[PDB]
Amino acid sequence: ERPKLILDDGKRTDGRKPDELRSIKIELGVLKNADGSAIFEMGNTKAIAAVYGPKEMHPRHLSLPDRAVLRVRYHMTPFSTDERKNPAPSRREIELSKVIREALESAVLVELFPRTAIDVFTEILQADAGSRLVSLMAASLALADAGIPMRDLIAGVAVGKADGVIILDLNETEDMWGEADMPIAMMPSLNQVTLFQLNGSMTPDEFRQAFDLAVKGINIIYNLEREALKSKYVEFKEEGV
């Protein structure tokens, strides 16, 4: 019926230790006709993000006098999961779009571009849990790729609870059968949390442990983002935090 999430050797269903990230792959400037673009991969979760840079906004009443308006789309391709997703936006996609937009708003220096819109389009090409974070990071990097000024880059991981065990960066299996799933995203240099959600169930102690683990994960991802910024392409094989 329900899988054993932690095996007798203390390992997870994919062979990872509780404190191990999935593999990471990042590349920038992958789309020619966009102002900024990135592909981000965590294990099997893969997102592409495109930024269409600061630009005068179509109907003026919808613009702002002091700030840029961010317009963000979080979307899953119909073929990103095992069962076909309806391309029509779900309540989940609507919520996550908002949550992601707000995350970006705390980072992007919108005050610099009054009366403009910055469009951020995100597509999940394959989902294996943590999509919202992969999408958010791809967005963050696409904005950087566009040369849009920000407070810092955004790095994120979902931390969670499997068989009473606190674990880092969840599978779909772990998402689906674990006790808790807590996506966390930061501007790491500032120690500022950008997105913070928990679904499932945790004790305050467990919450505090998981939180500490997420930070360590986030810091590793962050160094990779920094490098991806310089070299435009980064690969990272699975390893311990």
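One rule holds for the numbers: they count along the sequence shown, beginning at 1.
Mean CA temperature factor is higher for 54-62 when stretches 54-62 and 176-184 are set side by side in the entry. In this PDB entry, residue 88 carries a Cα temperature factor that places it within the highest third of its chain's modelled residues.
When the modelled residues of the chain are ordered by their C-alpha B factor, residue 73 lands in the highest third. Among the modelled residues of its chain, residue 67 has a C-alpha B-factor that falls in the highest third according to the deposited record. When all modelled residues of the chain are sorted by CA temperature factor, residue 131 is found within the middle third. Among all modelled residues in this chain, the alpha-carbon of residue 17 has a temperature factor (C-alpha) in the middle third.
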